[PDB]
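Input: a single structure, listed below in C-alpha cells.
Positions of Cβ are backbone-derived with ideal geometry, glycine not excepted, and every protein chain shown enters the neighbour counts. FYI, it's all coordinate maths here, none of it is from the lab.
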Number of protein chains: 2
Amino acid sequence: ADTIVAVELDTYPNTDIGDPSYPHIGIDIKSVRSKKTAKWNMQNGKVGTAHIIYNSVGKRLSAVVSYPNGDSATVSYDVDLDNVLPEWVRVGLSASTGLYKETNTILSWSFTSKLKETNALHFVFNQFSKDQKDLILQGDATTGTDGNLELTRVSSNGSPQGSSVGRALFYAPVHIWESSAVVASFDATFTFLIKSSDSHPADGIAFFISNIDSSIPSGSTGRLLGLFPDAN
Amino acid sequence: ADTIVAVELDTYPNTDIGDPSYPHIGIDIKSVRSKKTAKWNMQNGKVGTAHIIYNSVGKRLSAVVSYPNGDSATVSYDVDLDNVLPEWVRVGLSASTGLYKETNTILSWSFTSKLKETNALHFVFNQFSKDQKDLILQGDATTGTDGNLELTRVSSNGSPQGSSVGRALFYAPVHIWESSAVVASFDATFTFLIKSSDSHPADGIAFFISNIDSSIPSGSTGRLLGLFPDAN
C-alpha cells in the first residue's frame, strides 16, 4: 500500500511493537518502529509546537517538539528522502486514539517546500474553518468552529474518543523532489494540545509525507497513528 | 581576531596552507583551512549558484555550488553555531585575488534567518544599485550600475586586478541565535560570475558570518579571501 514518511509525536509507549518505554519523538520511514527516537516529556493540556525540517543537501530529516516553558525534544535522521519518496507527494497531519484517549487538536499548521527561486509551495493555517475546501479531510478529522482542527473525534463536552483515527491532507500535491533540482527542501510547523484526563494519553499526532492518493490504511488506529497497516 | 564562519568557493589550491590540489568548496570555521572540503569543477566565465543552509536542529551546515549545465558540488559539516559565534552577527560576501586574478561578480544575493513566537530577517538583492545604502561595502567593493556587486577590482574593461580584496555585509546585524530559540536557522544563496584570462582564476568568493563590527583583517588578499588574518 502507501509509501509513508513521518514524524511521530508518540504519546503512548507501545513497547510490544518497538516504541521506547516512555513518550517519544520519532522519525518514521516506511514503518512505525521509528528509525530514531528521543525522549519527550509529554505535557498535558498544554499547547506545544513541532518544527520539522529537511534539505536535499545535508540530507538530514530533523524535528523539534517544544512547550512554552522551554522543554524541548530533538530527533534527527540521515536520509536521501527521494530514494524513498516519489517525485510527487501530498503532505498531511495525522493523529489517533484507541482505548486510551487524547484530544488531537491542531491549532495551526504551516508548511513550505522549495525546489531550486525556481519552484515553491507555501501554506499556512492559523485558523481552520467551515469547509476548509483546500484540506482533504480523512476519518474523524474535522475543522472548526473554534478555529481548530480536531484530527480525532471529540465529544461536544471536550471528551476525546478512544479508537478514533483522523487525517488532514493539503489538497494540492507537493513537488517534493525533482532529480535535477540541486536543492529540494521543506519545513513544516504545527501547534498541538493533547489534553487527556486518562492515566496516560494515547496515541499521538504525526506529520507525514505520502503518495498523492494516500488514505487511512485499514485498521490503523491507536499505535498505528493512521499511517500504517501492520506493525512491521 | 574576528569570529568567522564561512563557505568558500576556493578557486585556488593554495597548497602550502591546506587547500586540496584542485578548485574546491568548503566550510571554514575560524580558519581558512576548511573543516571539510569538496572538489569543484569551476567553469570559467559561466554563471554559478551558491546555496548555504543551516538548521539549529540537525546541526548541519551545508552548501551547494551549481552551474546551469548540471555540474554541481556539495559539502556538509556538523556544528552547533551556538558555540562558535555570538547572539549577534553580520553576514556578508567576500572575495579576493593575488598575483592570480578573476572576476568576483555577484549577480544576486538573498538571505533569510528565522528564530523560534518567531523573529525573522529576510533580504534579497537581484539588482545592486550604485548607491547601495544598506550594504556595508569594504575594501575594493563597489556596486552597480551593471546591476551587479563587484567584490574585487575590475578595470573599466572587464579585467580583474591582482592583490584585490572586497567585502559586502548586510547593514543590519542578524540575530543569528538566541538560547530560548527552539529553531535558529538560516540560509543564503548567491549567483556569481568568475572569469579569468590568466592560466588559472584566483582566489575565490565566500559567504561568511562574523561579529557585528567585522573589518577586513589586515593583509588578507589572495588565498585568505579577506576572512582571516594569517594561515592558522
Inset, instruction - May I ask you to verify whether B:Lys35 is more than 20 Å from B:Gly166 (Cβ to Cβ) and surrounded by fewer than 17 Cβ atoms within 10 Å (Cβ to Cβ)? - result: yes
Would you check if there is a residue in segment A:179-196 being farther than 27 Å from B:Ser110 by Cβ, in contact with a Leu (Cβ under 8 Å, 6 or more places away or on another chain) and not hydrophobic (A, V, I, L, M, F, W, C)? yes
Note on segment A:142-185: residues within 14 Å of chain B (Cβ to nearest Cβ) and of a type outside the set (S, T, N, Q) are A:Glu178, A:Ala181, A:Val182, A:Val183, A:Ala184
The strands (runs of 3 or more DSSP E) lying entirely within segment A:5-79 that contain at least 3 residues which are within 28 Å of A:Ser113 (Cβ to Cβ), out of contact with any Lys or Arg (no Cβ under 8 Å at 6 or more places or on another chain) and facing chain B (nearest Cβ under 10 Å) are A:48-55, A:60-66
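Matching residues to (1) of a type in the set (S, T, N, Q); (2) in contact with a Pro (Cβ under 8 Å, 6 or more places away or on another chain):
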residue	(1), (2)
B:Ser31	yes, no
B:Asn44	yes, yes
B:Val47	no, yes
B:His51	no, no
B:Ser62	yes, no
B:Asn69	yes, no
B:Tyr77	no, no
B:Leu85	no, no
B:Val89	no, yes
Residue hits (segment B:104-142; over 18 Å from B:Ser94 (Cα atoms) and acidic (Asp, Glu)) are B:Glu117, B:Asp131
Going through segment A:114-130 in order, the residues found to be surrounded by fewer than 13 Cβ atoms within 10 Å (Cβ to Cβ) and over 30 Å from B:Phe125 (Cβ atoms) are A:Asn126, A:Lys130
Those residues of segment A:119-129 which are in contact with a strand residue (DSSP E or B) (Cβ under 7 Å, 6 or more places away or on another chain) and not in a strand (DSSP E or B) amount to A:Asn126, A:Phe128, A:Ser129
Note on segment A:17-30: residues surrounded by fewer than 20 Cβ atoms within 10 Å (Cβ to Cβ) and at negative phi are A:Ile17, A:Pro20, A:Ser21, A:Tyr22, A:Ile29
Query raised in the report: Would it be correct to say that A:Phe111 is among the aromatic types (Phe, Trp, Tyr) and outside any strand (DSSP E or B)?
Result: no
Next on the checklist: I'd like to know if segment A:97-115 contains one or more residues that are among the polar types (S, T, N, Q) and more than 18 Å from A:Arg167 (Cβ to Cβ).
Outcome noted: yes
Per the filter on segment A:131-177, residues outside any strand (DSSP E or B) and crowded, with 21+ Cβ neighbours inside 10 Å are A:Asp140, A:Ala141, A:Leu151, A:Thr152, A:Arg153, A:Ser164, A:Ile176, A:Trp177
